[PDB]
Amino acid sequence: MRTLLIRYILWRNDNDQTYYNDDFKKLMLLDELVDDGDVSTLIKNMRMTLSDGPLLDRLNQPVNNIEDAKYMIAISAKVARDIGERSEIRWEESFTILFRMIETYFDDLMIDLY
Amino acid sequence: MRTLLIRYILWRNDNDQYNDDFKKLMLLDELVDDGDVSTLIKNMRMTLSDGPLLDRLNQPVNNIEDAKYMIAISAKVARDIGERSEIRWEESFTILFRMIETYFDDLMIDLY
């Protein structure tokens with residue numbers, strides 16, 4: 001699940017068809033869980049501060065259920081999409097936090113998605 | 001370069017499936033002796049951890065050739081450890097990129 005998620009988020013950032021996988025379609029359905037106004041706000045702040053800081057702060061918030069985890073995947077995905085490929089983000093730091101929160105739900109997320 | 005490298009190492013581990021980019025990166029494999037990888041894999045298995053890999057990656061990088069080796073050692077370990085291996089790859093990337101980040105520009109030039 002770790003690999004698939006790293007791959008999906010990076011793909012959401014550059015949208016390189018060379019690195020596309022069919023398991024991304026199911027993950028993309030989680031986008032409905034995130035309001036675009038929240039993303040707009042988050043992106044604006046990232047740009048305001050010239051950092052991944054605001055993203056990392058959002059990812060550092062508690063995950064108490066699978067729906068919380070699904071949201072975190074989707075917020076990462078939409079931020080990755082909207083921030084642009086030129087964006088010099090140390091993605092591994094975001095993955096560190098994301099997986100620290102969602103890791104436990106991997107098995108159940110695998111079930112819920114496939 | 002960060003993205004390409006994350007993609008290459010993960011691909012080396014398990015085959016997602018193809019571009020020219022990975023071909024150039026694969027040429028760096030000659031820099032790493034397979035006996036060193038065999039040893040590293042053996043230790044990882046002995047300890048049931050990425051610990052030995054992380055220890056290798058935490059060693060100093062003083063030139064581009066040092067950086068090229070680190071990419072290749074990561075690649076061959078990724079290959080030889082197997083897909084089933086529950087490795088927190090992001091921790092390896094954290095250390096790898098902490099060492100090699102400065103060389104990204106020159107590595108981009110040297111490879112393409």
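Where a number appears in this text, it was derived from the coordinates with a stated rule and is not lab data. All Cβ positions, even for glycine, are placed from backbone atoms using ideal geometry, and neighbour counts span all protein chains on display.
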Seminar exercise, completed: Of A:70, A:25, the only residue that is more than 14 Å from chain B (Cβ to nearest Cβ), surrounded by 12 or more Cβ atoms within 10 Å (Cβ to Cβ) and not small (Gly, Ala, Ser) is A:70
Problem set entry | Of residues in the range A:99-114 being more than 14 Å from chain B (Cβ to nearest Cβ) and hydrophobic (A, V, I, L, M, F, W, C), the one surrounded by the fewest Cβ atoms within 10 Å (Cβ to Cβ) | A:111
Seminar exercise, completed: When restricted to B:46, B:1, B:70, the only residue of a type in the set (A, V, I, L, M) and over 27 Å from residue A:88 (Cβ atoms) is B:46
Exercise. Is it the case that residue B:18 is within 12 Å of chain A (Cβ to nearest Cβ), among the hydroxyl-bearing types (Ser, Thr, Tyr) and surrounded by 16 or more Cβ atoms within 10 Å (Cβ to Cβ)?
Worked result: no
Exercise. Is it the case that residue A:42 is of a type outside the set (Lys, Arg) and within 13 Å of the chain's Cα centre (by Cα)?
Worked result: yes
Seminar exercise, completed: Within the range B:77-98, the count of residues that are away from every other protein chain (no Cβ under 14 Å) and either surrounded by 22 or more Cβ atoms within 10 Å (Cβ to Cβ) or of a type in the set (S, T, N, Q) (or both) comes to 1
Exercise. Take the residues of the range B:28-57 that are in contact with a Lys or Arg (Cβ under 9 Å, 6 or more places away or on another chain) and of a type outside the set (A, V, I, L, M, F, W, C): which is nearest to the other protein chains (Cβ to nearest Cβ)?
Worked result: B:50
Problem set entry | Whichever residue in the range B:1-15 is assigned to a helix (DSSP H, G or I) and more than 8 Å from every other protein chain (Cβ to nearest Cβ) and, among such residues, is nearest to residue B:79 (Cα to Cα) | B:12
Problem set entry | Candidates B:88, B:79, B:98 - the one that is closer than 25 Å to residue A:96 by Cα and out of contact with any helix residue (DSSP H, G or I) (no Cβ under 8 Å at 6 or more places or on another chain) | B:98
